[PDB]
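Here we start with a single chain on its own, the form deposited without the ligand, put down as structure tokens.
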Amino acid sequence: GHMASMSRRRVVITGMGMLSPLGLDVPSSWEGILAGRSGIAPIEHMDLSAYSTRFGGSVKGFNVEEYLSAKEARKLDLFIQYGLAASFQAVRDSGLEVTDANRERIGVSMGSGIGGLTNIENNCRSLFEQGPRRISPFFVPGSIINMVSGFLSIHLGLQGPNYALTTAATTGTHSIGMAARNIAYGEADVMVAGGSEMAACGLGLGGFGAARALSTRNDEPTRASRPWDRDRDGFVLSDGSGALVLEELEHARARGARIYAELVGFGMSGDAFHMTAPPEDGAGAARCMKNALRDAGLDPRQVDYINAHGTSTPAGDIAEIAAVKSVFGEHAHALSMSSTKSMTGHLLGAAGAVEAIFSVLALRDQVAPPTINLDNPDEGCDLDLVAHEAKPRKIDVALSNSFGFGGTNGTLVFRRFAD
């Protein structure tokens, strides 16, 4: 397809790392996904008695000192600490040895939807109570979104392309796709790519609550996230990070890397419709998926698994069903599609990264993760949405969808790598 036509340089995944509401690493998170475990709970880290939503997907038991000194960590917003944890895990998982001979060829693209909201909140309190002199000196470099890419490159000595995306739900999906573009173009041999988020502060839960975006099912938080279910009432805000080591194929082979999967395509579109609520036909999402398949040189009939956007929103969920039916026709009923957000909630800038990882693991393990809480599928939601329980099945090709605020769409295509 277009990717292979534009460069002979193929892109594979050789390392993964994650923090999620289900685990402090990939295997612990994935065990929870396959078991249909919810990571959603009442928030403990702050008092939400005055808030309309008092629950979400928190990282439980994170220890930044597994990754950084206490002193290094005090300077850094949680979204940075999370993105470094995922990145360091991914690089360790890859087995790559960074040297003087390769450091220029290794870059970073780690993004965030909202970035350092907690630090911004803490410094505004200092500003209003005591004045600008009590703002932290580390406020800017500890809070701006590109500092995951910055600090990761400083800690590991990575001198390749260095940047950060910020596209809401699509952040992690653009980051990975544009990192694959760098490698195939020849600007890098390796990229650490993905995203991180920690928006569970007063401003984040309050801001999404004021926009009426969030589920308010406080009495049963594990049932709140119910993509395609007729009783859904908005998304669950979740925290964490995902990172993937992307690598040119011959570079991976020459060092005896373990290859999880190949990244064979990347599609994008804009809805040009509305800030939050996509068109009911999912026309934009449909263009994005077709662009991704043409990029990969795949026919729709070759797709086995879709890791949906599936945020548990009235407008969003049904648009995605329509887009899949448009792109896949009869094959819509043969593929499996699931929303892992049923278990993790919506990790916003990290969603696309953690979901790329789940898509790769679906290929490794030949199993479609479930959509939990899909008790009463809404009108039209009659596909195999892997309701309730994991489904073992053949998976050669897995898509990951992200349809983010502003109508910004991205789709990744992963495929088994034979070796």
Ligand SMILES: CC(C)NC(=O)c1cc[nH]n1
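We number the residues from 1 along the sequence you see.
Look up the CA B-factors in the entry and say which stretch, 167-175 or 117-125, has the higher mean.
Higher mean C-alpha B-factor: 117-125.
According to the deposited model, is the average Cα temperature factor higher in 199-207 or in 76-84?
Result of the comparison: 199-207.
With respect to the C-alpha temperature factors reported in the PDB entry, which of 48, 374, 363, 356 ranks highest?
Result of the comparison over 48, 374, 363, 356: 48.
Highest Cα B-factor in the PDB entry belongs to which of 257, 296, 108, 243?
Top of the list by C-alpha B-factor: 257.
Taking the values exactly as deposited, rank residue 226 by C-alpha B-factor within its chain and report the matching third: lowest, middle or highest.
Answer is lowest: the recorded C-alpha B-factor places it there.
Hey, what third does residue 252 fall into on Cα B-factor, ranked over its chain?
Middle third - that is where residue 252 ends up once the chain's C-alpha B-factors are sorted.
Split into thirds by Cα B-factor across the chain's modelled residues, where does residue 322 land: lowest, middle or highest?
According to the entry, residue 322 has a C-alpha B-factor in the chain's middle third.
Can you work out whether the C-alpha temperature factor of residue 6 puts it in the lowest, middle or highest third of the chain?
Its C-alpha B-factor, which the entry lists for residue 6, ranks in the middle third among residues of this chain.
Hey, what third does residue 192 fall into on Cα B-factor, ranked over its chain?
As the PDB entry reports it, the C-alpha B-factor of residue 192 lands in the lowest third of its chain.
Below, we refer to the form solved in complex with the ligand, which is not included among the displayed structures.
Between the ligand and 226, 376 and 386, in the deposited bound form, does every residue show a non-hydrogen atom at 4.5 Å or closer?
Checking in the deposited bound form: none of 226, 376 and 386 is within 4.5 Å of the ligand.
If we define contact as a non-hydrogen atom of the residue within 4.5 angstroms of the partner, is residue 277 a contact of the ligand in the deposited bound form?
Yes, residue 277 lies within 4.5 Å of the ligand in the deposited bound form.
Contact flag, residue 319 vs the ligand in the deposited bound form, heavy atom cut 4.5 Å:
Residue 319: contacts the ligand in the deposited bound form.
Closest heavy atom of residue 404 to the ligand in the deposited bound form, within 4.5 Å or not?
Contact check for residue 404: yes, within 4.5 Å of the ligand in the deposited bound form.
Taking heavy atoms and a 4.5 Å cut-off, does residue 246 contact the ligand in the deposited bound form?
Although the ligand is absent here, residue 246 would stay clear of it in the deposited bound form, with no heavy atoms inside 4.5 Å.
Which residue, 303, 190, 285, 263, has a heavy atom that falls within 4.5 Å of the ligand in the deposited bound form?
Selected residue: 285.
Would you point out which of 254-262, 128-136, 277-285, 326-334 contains residues with a non-hydrogen atom within 4.5 Å of the ligand in the deposited bound form?
Every other range fails; the passing one is 277-285.
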